[PDB]
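So this first bit is one chain, no partners, the form deposited in one PDB entry, shown in structure tokens.
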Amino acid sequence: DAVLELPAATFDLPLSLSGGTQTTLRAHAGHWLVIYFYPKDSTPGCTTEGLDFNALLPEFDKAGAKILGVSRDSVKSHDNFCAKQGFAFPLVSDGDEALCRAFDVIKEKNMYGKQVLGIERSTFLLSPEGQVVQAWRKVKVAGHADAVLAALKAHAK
């Protein structure tokens, strides 16, 4: 049922969160986890996406899931973004792109006469046993959080 195999070490990577604590993916064993990668704090698309997930948080709570947003912005940036927007879930400051590389969300584009690497907006659903059971890549924000919730409900049943 896995759609993506992560390196075993991924699950023990210390993930720096907004608010100054750390988590790991293994620490989330026992419940569903939505991991959404976004390119940049405090931009229109990324703010819309975060607010959409935030508005649905009680539905994720019903269904036994936690949410983590991920970008490579700093903890301080994340703290500002969370405070301004009122997010009630954490943001991972993946400053070294360790988590991004594990999920293969750093994508290359031929532009400006060069090879340019950047975060591709992408979301994943991790089962209570740490399996990646659904992936969305090159995400369109509109309708996305709703679609992720619907997929979670389908998988969790």
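Rigid core here is just the name for the largest C-alpha set that superposes within 1.5 Å across the two forms. Quick note: we count residues from 1 along the sequence shown, nothing fancier.
Coordinates for residue 77 lacking in at least a third of the other PDB entries compared? It is, since residue 77 is left out of at least a third of the other entries that model both flanking stretches.
Comparing average C-alpha B factors as deposited, tell me which of 107-115 and 55-63 sits higher. Per the deposited B-factors, the answer is 107-115.
When you compare the CA B-factors of 90, 30, 95, 50 as listed in the entry, which one comes out on top? In this record, 30 carries the highest C-alpha B-factor of the candidates.
Can you tell me which of 135, 15, 149, 142 has the highest Cα temperature factor in the record? The C-alpha B-factor peaks, among 135, 15, 149, 142, at 142.
Chain thirds of CA B-factor: placement of residue 84: Highest third of the chain for residue 84's C-alpha B-factor.
Where does the C-alpha B-factor of residue 120 rank in its chain, lowest, middle or highest third? Residue 120: CA B-factor falls in the middle third of its chain.
Looking at the temperature factor on the CA atom of residue 39, which third of the chain's modelled residues does it land in? Within its chain, residue 39 is a middle-third residue by C-alpha B-factor, going by the deposited values.
Same protein, other form: the form deposited in another entry, not shown, and the subject of what follows.
Which listed residue, 101, 62, 31, 109, is the one whose CA shifts 2 angstroms or more between the shown form and the other one with the rigid core aligned? After core superposition, the single residue displaced by 2 Å or more is 109.
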